[PDB]
Amino acid sequence: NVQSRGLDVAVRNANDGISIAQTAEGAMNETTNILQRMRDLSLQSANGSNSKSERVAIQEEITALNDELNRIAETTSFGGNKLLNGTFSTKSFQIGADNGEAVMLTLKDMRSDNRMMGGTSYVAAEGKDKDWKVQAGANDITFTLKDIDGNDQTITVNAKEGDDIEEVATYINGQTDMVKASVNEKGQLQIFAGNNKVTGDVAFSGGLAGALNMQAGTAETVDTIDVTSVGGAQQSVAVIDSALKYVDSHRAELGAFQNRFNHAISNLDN
Amino acid sequence: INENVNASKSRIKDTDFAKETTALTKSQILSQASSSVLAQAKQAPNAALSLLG
Amino acid sequence: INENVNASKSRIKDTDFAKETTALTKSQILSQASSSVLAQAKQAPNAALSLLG
Amino acid sequence: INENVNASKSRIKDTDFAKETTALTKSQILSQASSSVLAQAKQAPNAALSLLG
Amino acid sequence: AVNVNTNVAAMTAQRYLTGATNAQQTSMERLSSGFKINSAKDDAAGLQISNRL
Amino acid sequence: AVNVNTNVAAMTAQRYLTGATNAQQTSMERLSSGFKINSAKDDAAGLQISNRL
Numbered sequence: 055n056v057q058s059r060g061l062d063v064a065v066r067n068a069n070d071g072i073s074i075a076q077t078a079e080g081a082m083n084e085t086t087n088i089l090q091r092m093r094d095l096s097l098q099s100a101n102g103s104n105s106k107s108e109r110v111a112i113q114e115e116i117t118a119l120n121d122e123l124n125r126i127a128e129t130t131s132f133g134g135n136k137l138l139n140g141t142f143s144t145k146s147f148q149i150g151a152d153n154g155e156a157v158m159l160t161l162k163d164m165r166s167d168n169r170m171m172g173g174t175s176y177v178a179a180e181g182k183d184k185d186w187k188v189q190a191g192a193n194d195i196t197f198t199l200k201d202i203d204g205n206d207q208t209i210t211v212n213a214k215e216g217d218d219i220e221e222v223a224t225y226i227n228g229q230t231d232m233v234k235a236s237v238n239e240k241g242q243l244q245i246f247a248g249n250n251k252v253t254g255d256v257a258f259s260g261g262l263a264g265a266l267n268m269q270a271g272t273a274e275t276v277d278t279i280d281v282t283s284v285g286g287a288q289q290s291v292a293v294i295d296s297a298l299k300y301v302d303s304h305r306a307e308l309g310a311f312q313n314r315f316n317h318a319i320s321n322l323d324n
Numbered sequence: 325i326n327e328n329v330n331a332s333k334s335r336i337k338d339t340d341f342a343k344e345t346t347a348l349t350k351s352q353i354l355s356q357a358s359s360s361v362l363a364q365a366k367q368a369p370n371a372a373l374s375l376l377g
Numbered sequence: 325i326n327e328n329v330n331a332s333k334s335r336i337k338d339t340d341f342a343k344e345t346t347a348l349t350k351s352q353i354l355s356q357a358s359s360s361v362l363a364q365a366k367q368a369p370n371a372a373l374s375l376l377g
Numbered sequence: 325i326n327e328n329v330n331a332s333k334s335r336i337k338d339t340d341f342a343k344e345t346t347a348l349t350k351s352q353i354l355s356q357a358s359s360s361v362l363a364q365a366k367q368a369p370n371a372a373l374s375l376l377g
Numbered sequence: 002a003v004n005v006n007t008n009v010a011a012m013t014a015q016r017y018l019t020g021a022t023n024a025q026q027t028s029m030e031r032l033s034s035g036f037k038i039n040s041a042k043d044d045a046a047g048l049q050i051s052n053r054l
Numbered sequence: 002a003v004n005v006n007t008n009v010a011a012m013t014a015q016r017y018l019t020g021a022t023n024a025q026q027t028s029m030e031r032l033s034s035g036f037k038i039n040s041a042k043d044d045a046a047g048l049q050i051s052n053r054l
């Protein structure tokens, strides 16, 4: 009798955990839709036809949407229990007729300024005008970084001789998916290492990096996006991509949680 | 958030008609079973009359 | 690439109305079959009342 | 300004037929469920007659 | 046996009634939205690749 | 669960019906006016460059 009743309560607790995971993921749905809209605006704002006035118009919508991301994070709640602001932390949902049978659920911060929603940024101090071409010998760039898993890597991109600065950026993008390279207005090769992809600071070597001193790494997030410049707009596309991967990663963790809890409900009923 | 909040309110507050109708029929059958047993019990002391007392 | 990426997205995300309507109809029928058997099951204890108990 | 004022008025005043037809249907089922329960509740005192009184 | 307190026939019918109803709610959501991936529970890895596409 | 007080299936269908209607009204406005930018909500910066052109 005690076991059967505890199974009835266990099914109720499994359902409540499904409810919290459902509400949290539904709110994440609009975080993904807002982020995608911000990514399309950044792509449009990275153009050349745009003038300062246009880029200010886009940055107005990006600031409005970025405020909307923080409003979804702070306000989204389940009956007054805030979920997406980072205060939820980890809560154990007891699903079982006896003590000790609980499943930990973690809900992560979705504020635009979360470190996970961005990465690191390295800008070349040497601008390369339209006449610059990769030279023989000084065409190899090496990125010594660490993965999110923690294993070290030594990607090496041998840029093609005769490539201009923007073709070097697109070549680096094709060769590796760990970093995203672009060029700003002053012809400086920016490189973004998403925090979801790498940890620590990226190191640069080789002849090409000798000609493109890469300066230090500044932490970036969606909250600090500024598309009023060609460089800022380009690097905001990369930031939003790292944020989109972060939001989708948490949606998959909540999807596996709901699926597991549905299997738990069927087992408990039987 | 409105739909997901309503569904949670459903699992907690709203009634399961399948389970409640079964619980109602079961309760009725025990109401009739107790009534029948009561009638059989009311004649228990009537046997004392057969003792010519 | 826009068209081919849209085709890929449809195969992965868009619903097949032909298959989904068949899945919905099957679910509806299984709901009426479970409801009908449930109604028949609720009267199982009535047999006990037929024993005058 | 007339179109935007009329759109505002509809949001504040016009009925959502999608939400109102659903609300009406729910009310019909709840009235049918209360009518049924009331009927079976009217026969509750009949058990008193079964007690030879 | 014949018993009134519990009847597992009703519990079994209810379980398959909630299973059919859940599969009915899933099918209707896919039909109205037009997407077979409306959440991560439907398809987690498929949701990611579909979003990237 | 077979409950009567809430219909989450109807709420979801209403949500996707209002989304479809919104896209239908926007498409109608684009067709009758012949402009895809009738307001800054459609494309803010695109409205500015188009206005200056």
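Chains as they are written, first to last, in PDB author numbering: chain A, 55 to 324; chain B, 325 to 377; chain C, 325 to 377; chain D, 325 to 377; chain E, 2 to 54; chain F, 2 to 54. Backbone N, C-alpha and C fix where the C-beta goes; we use that ideal spot for every residue, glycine too.
Decide if the segment 138-156 of chain A is in contact with the segment 93-113 of chain A; the criterion is three or more beta carbon pairs, one per stretch, under 8 Å apart.
The answer is no - the segment 93-113 of chain A does not touch the segment 138-156 of chain A, with fewer than three Cβ pairs under 8 Å.
In the DSSP output, which residue or residues are listed as bridge partners for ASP206 (chain A)?
Mapped onto the first sequence, residue 206 (chain A) falls at position 152. By DSSP's assignment, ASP206 (chain A) forms a beta bridge with A:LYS200.
Taking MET232 (chain A) as part of the alpha helix (DSSP H), name the residues at either end of that continuous run.
Along the first sequence, read from residue 1 onward, the residue named residue 232 (chain A) stands at position 178. Where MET232 (chain A) is concerned, there is no enclosing alpha helix (DSSP H), given that its DSSP letter is neither H nor E.
Going along chain A, which residues have a C-beta under 8 Å from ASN330 (chain B)?
By one-based count along the second sequence, residue 330 (chain B) stands at place 6. Neighbours of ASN330 (chain B) on chain A: none; closest Cβ ~10 Å, over 8 Å.
Terminal residues of the alpha helix (DSSP H) in which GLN148 (chain A) lies:
In the first sequence, residue 148 (chain A) corresponds to position 94, counting from 1. Taken as a continuous stretch (DSSP letters only), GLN148 (chain A) belongs to no alpha helix (DSSP H), being part of the beta strand (DSSP E) at 143-148.
Proximal residues to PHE258 (chain A) (C-beta, below 6 Å), its chain only, five neighbours per side dropped
Numbered from 1 along the first sequence, position 204 holds the residue referred to as residue 258 (chain A). Closer than 6 Å at Cβ, skipping near neighbours: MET268.
Can you pull the chain F neighbours of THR339 (chain B), defined as C-beta to C-beta under 7 Å?
What you label residue 339 (chain B) is simply residue 15 of the second sequence in a count that begins at 1. Taking the beta carbon of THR339 (chain B) as reference, the chain F residues within 7 Å of it are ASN4, listed in sequence order.
Here's the rule I'm using: 16 or more other beta-carbon atoms within 10 Å means buried, otherwise exposed. How should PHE341 (chain C) be labelled?
In the third sequence, residue 341 (chain C) corresponds to position 17, counting from 1. Exposed, by the Cβ-count rule.
Can you give the Cα-Cα distance for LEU61 (chain A) and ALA318 (chain A), rounded to whole angstroms?
Locating residue 61 (chain A) in the first sequence gives position 7, counting from the first residue. Locating residue 318 (chain A) in the first sequence gives position 264, counting from the first residue. Computed Cα separation, rounded: 11 Å.
May I have the straight-line CA-CA distance separating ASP295 (chain A) from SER33 (chain E), to the nearest angstrom?
As a working mapping, residue 295 (chain A) is identified with position 241 in the first sequence. As a working mapping, residue 33 (chain E) is identified with position 32 in the fifth sequence. So the alpha carbons of these two residues sit roughly 30 Å apart.
Contact the segment 152-171 of chain A vs the segment 212-228 of chain A: 3+ CB pairs below 8 Å:
These segments do not touch.
Please return the same chain residues whose Cβ sits closer than 6 Å to the Cβ of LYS333 (chain D), not counting the five positions on each side in sequence.
The residue you call residue 333 (chain D) lines up with position 9 of the fourth sequence. For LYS333 (chain D), there are no CB contacts under 6 Å within the same chain when 5 residues up- and downstream are skipped.
Buried/exposed call for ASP44 (chain F), threshold 16 Cβ in 10 Å:
Counting from one through the sixth sequence, the residue named residue 44 (chain F) turns up at place 43. Taking every protein chain shown into account, the CB of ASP44 (chain F) has 16 or more other CB atoms within 10 angstroms, so this residue is buried.
Just reading off the beta strand (DSSP E) that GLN244 (chain A) is part of, what are its end residues?
In the first sequence, residue 244 (chain A) corresponds to position 190, counting from 1. Annotation: the continuous beta strand (DSSP E) that includes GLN244 (chain A) extends over 243-248.
Cα separation between residue 1 (chain E) and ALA347 (chain C)?
No information on residue 1 (chain E) is available, as it lies outside the stretch 2 to 54 that chain E covers here.
Just checking my contact of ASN8 (chain F) with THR339 (chain B) at CB under 8 Å: how many whole Å lie between their CB atoms?
As a working mapping, residue 8 (chain F) is identified with position 7 in the sixth sequence. As a working mapping, residue 339 (chain B) is identified with position 15 in the second sequence. No, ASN8 (chain F) and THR339 (chain B) are not in contact; Cβ-Cβ is about 14 Å, not under 8 Å.
Any beta-carbon of chain F closer than 9 Å to the one on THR19 (chain E)?
For the purposes of this step, residue 19 (chain E) is taken as residue 18 along the fifth sequence, with counting starting at 1. Yes, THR19 (chain E) lies at the interface with chain F (some Cβ there is under 9 Å from its Cβ).
Report the neighbours of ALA310 (chain A) on chain E: residues whose CB is nearer than 9 Å to its CB, in chain order.
The residue you call residue 310 (chain A) lines up with position 256 of the first sequence. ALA41, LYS42 and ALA45, listed in chain order.
Pull the bridge partners of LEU159 (chain A) from the DSSP assignment, please.
Here the question's residue 159 (chain A) lines up with position 105 in the first sequence. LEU159 (chain A) pairs with A:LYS145.
Residues of chain B with CB closer than 8 Å to the CB of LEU376 (chain D), please, in chain order.
Stepping through the fourth sequence from its first residue, residue 376 (chain D) is reached at position 52. For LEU376 (chain D), the chain B residues whose C-beta falls within less than 8 Å of its own C-beta are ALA363 and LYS366, listed in chain order.
Contacting positions in the segment 59-86 of chain A - beta carbon closer than 7 Å to chain E
Those residues of the segment 59-86 of chain A that come within reach of chain E (Cβ to Cβ, closer than 7 Å) are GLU79 and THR86.
Helix, strand or coil for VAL252 (chain A), going by three-state DSSP, please let me know.
Walking along the first sequence from the start, residue 252 (chain A) turns up at place 198. In the three-state reduction of the DSSP assignment, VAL252 (chain A) falls in the strand class, which pools E and B.
How about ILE336 (chain B): is its C-beta nearer than 9 Å to some C-beta of chain E?
Position 12 of the second sequence, counted from the first residue, corresponds to residue 336 (chain B). False, the Cβ-Cβ gap to chain E never drops below 9 Å.
CA-CA distance, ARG91 (chain A) and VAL188 (chain A)?
Residue 91 (chain A) sits at position 37 when you count from the first residue of the first sequence. Residue 188 (chain A) sits at position 134 when you count from the first residue of the first sequence. Roughly 35 Å between the two C-alpha positions.
Work out the CA separation of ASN6 (chain F) and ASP323 (chain A) for me, nearest whole Å.
Here the question's residue 323 (chain A) lines up with position 269 in the first sequence. Here the question's residue 6 (chain F) lines up with position 5 in the sixth sequence. Looking at the two C-alpha atoms, the distance is approximately 24 Å.
Under 9 Å between C-beta atoms of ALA192 (chain A) and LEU262 (chain A):
Residue 192 (chain A) sits at position 138 when you count from the first residue of the first sequence. Residue 262 (chain A) sits at position 208 when you count from the first residue of the first sequence. Here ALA192 (chain A) is near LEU262 (chain A), since their CB atoms are less than 9 Å apart.
Nearest by alpha-carbon distance to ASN124 (chain A): which of A:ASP277, A:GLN312 and A:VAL293 is it?
Against the first sequence, residue 124 (chain A) aligns to sequence position 70. It is A:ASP277.
Listing by chain order, which chain A residues have their CB less than 8 Å from the CB of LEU48 (chain E)?
Against the fifth sequence, residue 48 (chain E) aligns to sequence position 47. Under the 8 Å cutoff, chain A gives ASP302, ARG305, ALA306 and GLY309.
Partner residues on chain D for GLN15 (chain F), Cβ-Cβ distance less than 7 Å
The residue labelled residue 15 (chain F) in the question sits at position 14 within the sixth sequence. The contact set of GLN15 (chain F) on chain D, defined by CB atoms closer than 7 Å, consists of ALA342 and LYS343 in chain order.
Tell me which residue opens and which closes the alpha helix (DSSP H) that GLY286 (chain A) is part of.
Locating residue 286 (chain A) in the first sequence gives position 232, where the first residue counts as 1. First-last of the alpha helix (DSSP H) with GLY286 (chain A): 284-323.
Tell whether a beta-carbon distance below 9 Å holds between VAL211 (chain A) and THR198 (chain A).
Along the first sequence, one-based indexing puts residue 211 (chain A) at 157. Along the first sequence, one-based indexing puts residue 198 (chain A) at 144. Taking 9 Å as the Cβ cut-off, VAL211 (chain A) and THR198 (chain A) do not qualify as a contacting pair.
So, helix, strand or coil for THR22 (chain E), using DSSP?
Numbered from its first residue, the fifth sequence carries residue 22 (chain E) at position 21. Judged by DSSP in its simplified three-state form, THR22 (chain E) adopts helix.
Return the residues of the segment 348-359 of chain B that lie within a Cβ-Cβ distance of less than 8 Å from chain C, sorted by chain order.
Cβ contacts with chain C come from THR349, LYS350, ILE353, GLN356 and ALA357.
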